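J.: Shown below is the structure under consideration.
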Amino acid sequence: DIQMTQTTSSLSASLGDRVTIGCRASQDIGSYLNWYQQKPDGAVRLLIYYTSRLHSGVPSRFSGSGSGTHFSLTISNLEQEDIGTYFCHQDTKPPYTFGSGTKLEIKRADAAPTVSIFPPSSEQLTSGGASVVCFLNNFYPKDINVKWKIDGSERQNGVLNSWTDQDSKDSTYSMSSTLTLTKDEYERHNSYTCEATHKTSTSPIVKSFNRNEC
Amino acid sequence: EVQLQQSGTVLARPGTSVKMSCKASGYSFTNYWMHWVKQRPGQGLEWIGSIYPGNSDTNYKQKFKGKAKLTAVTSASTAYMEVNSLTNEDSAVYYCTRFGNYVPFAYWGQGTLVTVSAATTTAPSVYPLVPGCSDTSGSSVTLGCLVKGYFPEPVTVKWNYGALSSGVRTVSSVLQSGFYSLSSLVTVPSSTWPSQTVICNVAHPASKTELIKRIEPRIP
Ligand SMILES: CO[C@H]1O[C@H](CO[C@H]2O[C@H](CO[C@H]3O[C@H](CO)[C@@H](O)[C@@H]3O[C@@H]3O[C@H](CO)[C@@H](O)[C@@H]3O)[C@@H](O)[C@@H]2O)[C@@H](O)[C@@H]1O
């Protein structure tokens with residue numbers, strides 16, 4: 001079939017900047033190249049069809065170009081609402097094929113995380129489990145490290161890390177790190193600590209609690 | 001005007017078949033081709049085939065002949081796709097999408113998530129996320145719910161039955177040892193909590209469960 005190749009899988013750019021997303025076809029497809037935008041909730045929307053024609057409610061900021069083999073979607077001036085994943089699509093004739101997408105992130109001013117720590121609930125504890133949660137709120141860039149210390153000793157096992165999607169309004173991220181223990185393991189130690197290292201500060205933000213309650 | 005309404009998430013055992021639906025409204029169903037597109041995580045988009053409901057003509061990507069079957073029922077204004085001999089490779093979000101006229105895929109369904117697995121449905125356990133016994137100041141409190149041990153996807157979380165949406169942060173689900181977990185957090189003014197019911201609403205479509213978890217201060 002016709003292989004559609006996208007230039008890059010991810011792109012980061014500042015508000016107001018010109019942004020290009022590229023697509024290449026393994027054969028000449030003339031003008032039969034389309035651009036769809038997919039949002040985090042999975043919604044798909046046609047933006048550009050037949051190489052260069054804008055579809056419904058698409059801002060004048062968007063334009064398309066094509067040589068027949070090399071194509072690009074261009075955003076003149078990046079706006080908040082432009083977050084999403086962009087896919088190209090050739091429809092010369094069946095079988096239709098698609099590029100594998102380019103995820104577009106907004107490059108924001110650096111922002112330090114606000115850190116919160118959550119001891120296990122009595123509800124979980126009574127059931128025999130113990131999860132400890134470190135929450136890092138409203139930071140940029142996405143890259144962030146969370147270190148757990150149990151009774152002062154580093155713990156890597158049983159830790160699960162996850163991020164939100166980039167905030168649609170202010171471009172920040174949040175993330176949680178969850179340390180999973182048995183109740184018995186949890187009650188065998190006193191000090192629970194998470195340390196968050198982020199490029200905004202050379203020193204980590206540290207949050208702790210003591211199982212013996214302060 | 002034009003809407004494409006797809007069926008809900010499905011869990012299916014390997015080797016069996018699933019049949020999903022795409023109800024069309026707001027246009028003449030029989031006068032436009034309906035296409036189906038497969039999205040597997042980190043595998044882009046794949047075109048499956050299309051059907052013209054007016055005369056029942058179909059085409060397929062060669063790969064999907066005998067694997068996916070497209071049908072349409074005019075009286076119901078509904079397009080169907082039946083995928084047989086299910087393998088892990090068939091776990092995906094499937095979209096129905098309308099083609100034309102003089103535009104390509106102008107209208108899309110919301111997608112149908114298929115999970116192929118031998119594992120049974122497991123409802124999540126929900127635990128409250130409550131600050132430690134009074135140790136941080138002081139105008140904005142962060143609360144939450146830990147959602148643990150569920151299968152398959154998805155789970156959705158909302159706050160105060162959807163009335164609370166500002167300051168809500170819900171992290172992506174993670175898969176570990178066959179099960180999924182996520183957490184949702186909300187940051188609200190100190191005068192709101194513990195004053196008013198901060199409830200998280202946890203829905204798990206596969207198990208048909210709709211859970212609530214009250215967020216209450218710790219026992220002194
Ligand atoms: C301007 O460029 C855009 O317009 C192209 C779409 O234009 C066609 O849309 C009308 C409907 O065409 C479908 O119905 C025709 C007759 O059956 C088929 O040629 C079109 O169906 C597609 O072809 C496959 C069947 O061979 C079927 O799977 C597909 O649905 C037609 O009047 C216009 O030509 C769009 O591609 C360009 O972006």
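Simple scheme: letters A, B, ... for chains in structure tokens order, numbers from 1 for residues in each chain, numbers from 1 for ligands in the order shown.
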I need the chain B residues near chain A as an NGL selection string; criterion: at most 7 Å, counting only C-alpha atoms.

T.: :B and (43-47 or 61 or 103-106 or 108 or 110 or 127-132 or 169-172 or 174)

J.: Which residues of chain B have any atom within 7 Å of an atom in ligand 1 when counting only C-alpha atoms and all ligand atoms, and what is the closest pair of atoms for each, with the distance in Å to one decimal? Order the rows by chain and rising number and write it as JSON lines.

T.:
```
{"residue": "B:32", "atom": "CA", "partner": "ligand 1", "partner_atom_place_in_ligand_line": "14 (O)", "distance": 6.9}
{"residue": "B:33", "atom": "CA", "partner": "ligand 1", "partner_atom_place_in_ligand_line": "30 (O)", "distance": 4.7}
{"residue": "B:34", "atom": "CA", "partner": "ligand 1", "partner_atom_place_in_ligand_line": "30 (O)", "distance": 7.0}
{"residue": "B:50", "atom": "CA", "partner": "ligand 1", "partner_atom_place_in_ligand_line": "28 (O)", "distance": 5.2}
{"residue": "B:51", "atom": "CA", "partner": "ligand 1", "partner_atom_place_in_ligand_line": "28 (O)", "distance": 7.0}
{"residue": "B:59", "atom": "CA", "partner": "ligand 1", "partner_atom_place_in_ligand_line": "28 (O)", "distance": 6.3}
{"residue": "B:99", "atom": "CA", "partner": "ligand 1", "partner_atom_place_in_ligand_line": "30 (O)", "distance": 5.3}
{"residue": "B:100", "atom": "CA", "partner": "ligand 1", "partner_atom_place_in_ligand_line": "9 (O)", "distance": 4.1}
{"residue": "B:101", "atom": "CA", "partner": "ligand 1", "partner_atom_place_in_ligand_line": "9 (O)", "distance": 3.8}
{"residue": "B:102", "atom": "CA", "partner": "ligand 1", "partner_atom_place_in_ligand_line": "4 (O)", "distance": 3.3}
{"residue": "B:103", "atom": "CA", "partner": "ligand 1", "partner_atom_place_in_ligand_line": "4 (O)", "distance": 4.2}
{"residue": "B:104", "atom": "CA", "partner": "ligand 1", "partner_atom_place_in_ligand_line": "35 (C)", "distance": 4.4}
```

J.: For the atom pair CA of residue 207 (chain B) and CA of residue 97 (chain B), what is the interatomic distance in Å to one decimal place?

T.: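 Pair CA of residue 207 (chain B) / CA of residue 97 (chain B) returns 27.9 Å.
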
J.: Find the residues around residue 62 (chain A) up to 6 Å (only C-alpha atoms counted), leave out those fewer than 2 positions away in its own chain, and share them as a ChimeraX atom specification.

T.: /A:60,74-75

J.: Once you have the residues from the selection above, write them out as a PDB file, in the first residue's frame, restricted to N, CA, C and O atoms.

T.:
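Listed below is the output, part24.pdb:
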```pdb
ATOM      1  N   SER A  60      -8.281  30.575  10.482  1.00  0.00           N
ATOM      2  CA  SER A  60      -7.472  31.010   9.344  1.00  0.00           C
ATOM      3  C   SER A  60      -5.964  30.832   9.569  1.00  0.00           C
ATOM      4  O   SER A  60      -5.175  30.917   8.615  1.00  0.00           O
ATOM      5  N   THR A  74       0.456  23.758   8.475  1.00  0.00           N
ATOM      6  CA  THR A  74       1.136  24.868   9.134  1.00  0.00           C
ATOM      7  C   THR A  74       0.156  25.668   9.996  1.00  0.00           C
ATOM      8  O   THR A  74      -0.958  25.961   9.565  1.00  0.00           O
ATOM      9  N   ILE A  75       0.575  25.991  11.218  1.00  0.00           N
ATOM     10  CA  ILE A  75      -0.170  26.893  12.092  1.00  0.00           C
ATOM     11  C   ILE A  75       0.624  28.202  12.126  1.00  0.00           C
ATOM     12  O   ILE A  75       1.779  28.218  12.555  1.00  0.00           O
TER      13      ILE A  75
END
```

J.: Which residue, B:15, B:120, B:92, B:74, has the smallest gap to residue 42 (chain B) when you use only C-alpha atoms?

T.: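 Among the listed residues, the smallest separation from residue 42 (chain B) belongs to B:92.
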